[PDB]
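Coming up is one lone chain in structure tokens, specifically the form deposited in one PDB entry.
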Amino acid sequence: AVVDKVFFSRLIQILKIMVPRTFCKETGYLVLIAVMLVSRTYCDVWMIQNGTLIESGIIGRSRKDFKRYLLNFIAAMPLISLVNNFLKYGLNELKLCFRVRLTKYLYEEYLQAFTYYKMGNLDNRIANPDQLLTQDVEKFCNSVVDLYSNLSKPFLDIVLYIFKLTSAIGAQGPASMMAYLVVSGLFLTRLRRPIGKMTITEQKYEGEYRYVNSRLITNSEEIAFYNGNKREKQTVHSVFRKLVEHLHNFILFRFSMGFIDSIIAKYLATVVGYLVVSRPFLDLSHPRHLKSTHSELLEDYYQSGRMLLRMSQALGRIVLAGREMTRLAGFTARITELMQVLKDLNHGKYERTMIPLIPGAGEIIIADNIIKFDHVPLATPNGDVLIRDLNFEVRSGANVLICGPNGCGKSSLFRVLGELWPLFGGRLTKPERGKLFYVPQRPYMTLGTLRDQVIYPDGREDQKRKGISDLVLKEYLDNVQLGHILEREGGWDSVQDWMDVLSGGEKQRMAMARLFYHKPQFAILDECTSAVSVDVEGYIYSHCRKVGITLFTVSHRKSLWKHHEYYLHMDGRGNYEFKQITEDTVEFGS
């Protein structure tokens, strides 16, 4: 966390987005707050000027002045609350507007052309973006406004109290106090160095203690066989003794340092203040400033006495407000990193994935109801190569049955099929993205009603454009024998978490119904028929054949061996076999 020119450049570049134009509403609050930061100070000086008049009203034993200068305050306290309680409202609204603007900008690009997937899986620059896109934006927006509202009040306070004291005390009055405060602060900060070196040793020792305890807990059974009671007691005792012996020295040092600090920084600033404020009074020949009565010396002293304290506290506040920039640097760096990675991913670039050209070297031509693999070597984007040159073609009305060992490199073939992963050499044909439905073992279910569940890729008005009525939807559901769910929660206006309301077979049949409704050109089945009867499987396959949808089957079951044309058999080492049908089985064994 470093404050340099780069930090300011990054911050201004980010800020250009949250304040786009000159007449946006986020500039209304920027003046509504400026008009109040300069009224709060006037209210403060008025209050300290009126308090002394009230006090001298009674110290002099006169009821008229007391009554008058008390009513002047009673009838004007309501207006002092509005300023203080309107500044805060302005600040809160400004923070919220900043948050909304930044979040909208980020989400307008985080959900563009598979970026949300590539960032999570295909890149490792950012880990767990769901927290970076939720918790960091709020904190950044809060901090960038806290800094502005904390560096701006003390500045006005000192600028007013150093020009209302150069007429009362003199030119040297405030200066001889500022110099002392600066020098004492430097001296104390230099003295207080060792505290920063013991607070790390304390943490190290505490970590050792907790580690020993956890080690004892984990391996309790092994040490319980041969009298593990004695030794471990000694070990924990030794660690605890080291910790408790360090703490005594820490406490003694804190004691001595506090004793010095009190004298230097609490009981000598007051003496300096007394001397500085007293210089005008204890000089009889002073140039005409004070040749007045007691009831004027009283006010003249106490106004200056109360203003020196408020000028001194402002320095402390403005110095303490300088620890916000070191924190803001981290948030600025993180958000700039996120923006850069989004901009990279929106283009054809990526680094730190999960020999031919890595990013992309091929071409994609879009056709209908046809897929062509002619010299298309597919490989993982990490240097490893799955198979050598591959060549085979699949037409419409045929099937591609997958048989062989566990998933292995087949997952890579699936990912590259639906764009997603890159193309390592070769030319290929494909449909336009949304005709390659891929149903996993557990179908994806969203939060919504049954209509959205069946029509998830689309919405309500989209369904209306398709001219499909509720009765047709009933017929589709009845095909997979899901007609008893309409009454399960009342119908199409029921909102429930479908993850723990439907069984696995019900979800799989729901996915089949969704596929039937959408009627895609190509689909992929990955062991999603674990719990289904033979009759339903036969019916869905027959209906799919009647409609004319090409299907891919990873089942490996004998009935599915029967009900497909082609087969792709690989041994894992890398090889593909493509031919019509063998009479008995694949001529290589299993």
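In this text, residue numbers run from 1 along the sequence as written. What we label the rigid core is the largest C-alpha set whose atoms superpose within 1.5 Å from one form to the other.
According to the entry, the deposited sequence places 10 or more unmodelled residues between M354 and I355.
The discussion below concerns the form deposited in another entry, not included here.
Following superposition on the rigid core between this form and the one not shown, the residue from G90, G404, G170, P129 with a C-alpha displacement of 2 angstroms or more is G404, and no other. Positional change of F140 between this form and the one not shown stays under 2 Å at the C-alpha, relative to the superposed core. Once the rigid core is used as the reference frame, the Cα position of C43 differs between this form and the one not shown by less than 2 Å.
Annotation for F552: C-alpha shift of 2 angstroms or more between this form and the one not shown, rigid core superposed.
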